[PDB]
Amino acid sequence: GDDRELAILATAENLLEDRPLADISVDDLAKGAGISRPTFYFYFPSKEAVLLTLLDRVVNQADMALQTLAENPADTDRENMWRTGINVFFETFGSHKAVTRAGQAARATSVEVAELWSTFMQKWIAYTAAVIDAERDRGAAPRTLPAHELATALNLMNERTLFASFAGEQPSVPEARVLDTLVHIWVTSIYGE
């Protein structure tokens, strides 16, 4: 039953690694999942709903990993704290590059995908800002920019930079360098001046 749903999702993630969603048909998803096309439409109204489901799984995986980190701080310096947090997104989305790239593109076309991404970005930015505010309250970071505006720009940088690296866009930071690059910019802008 729901097994067939997971088969549809797995087939979609596999096919997205080699072609965009526009080049994938409902019949391709049904055929790969071992079901008929009418049976597919029982589980999903469209191939776009399949992508939205895949993206929802990935963003919730990242959100849950960040929540785990937040509840069990690693005893390290400040640079390591930020690196471990940025790494949650590097590893989670980097493990699902086809879904990430496809979900990014679908933001222009799908209001559901745009709303899903916006909801989680607001959550992650609020958490970033709250940690920056905590660092300021304890005297470790200077009161420079409004924390929420700083957090917004830094999170948007990570979105654009990580996704460019994963897609091998030109220009991009090589994926083997992108964590160090982002961590440097976060740490200097949060603690600097």
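Note that residue numbering begins at 1 and tracks the sequence as displayed. Take the two forms, find the largest set of C-alpha atoms that superpose within 1.5 Å, and that set is the rigid core.
Would you say which of 66-74 and 33-41 moves more relative to the shown form in 8 other deposited structures of this protein, going by RMS C-alpha distance with the core superposed? With the rigid core superposed, the C-alphas that lie farther in 8 other deposited structures of this protein are those of 66-74.
Rigid core fitted first, then name the stretch among 114-122 and 76-84 whose C-alphas deviate most from the displayed form in 8 other deposited structures of this protein. When 114-122 and 76-84 are compared in 8 other deposited structures of this protein, the bigger C-alpha shift is seen for 76-84.
Of the two stretches 84-92 and 110-118, which shows the higher Cα B-factor on average in the entry? The deposited B-factors put 110-118 ahead on the C-alpha mean.
I need to verify one thing: averaged over C-alpha atoms only, is the B-factor higher for 125-133 or for 64-72? Comparing 125-133 with 64-72, the higher average CA B-factor belongs to 64-72.
With respect to the C-alpha temperature factors reported in the PDB entry, which of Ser46, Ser165, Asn158, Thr152 ranks highest? The C-alpha B-factor peaks, among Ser46, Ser165, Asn158, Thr152, at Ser46.
Tell me which of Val173, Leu9, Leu21, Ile185 tops the list for C-alpha B factor in the record. Answer, based on the entry's C-alpha B-factors: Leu21.
In terms of the chain's CA B-factor thirds, is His148 lowest, middle or highest? Within its chain, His148 is a lowest-third residue by C-alpha B-factor, going by the deposited values.
Sorting the chain's CA B-factors, does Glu169 end up in the lowest, middle or highest third? Ranked within chain, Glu169 CA B lands in the middle tercile.
Give the position of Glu17 by CA B-factor within its chain, expressed as the lowest, middle or highest third. Highest third - that is where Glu17 ends up once the chain's C-alpha B-factors are sorted.
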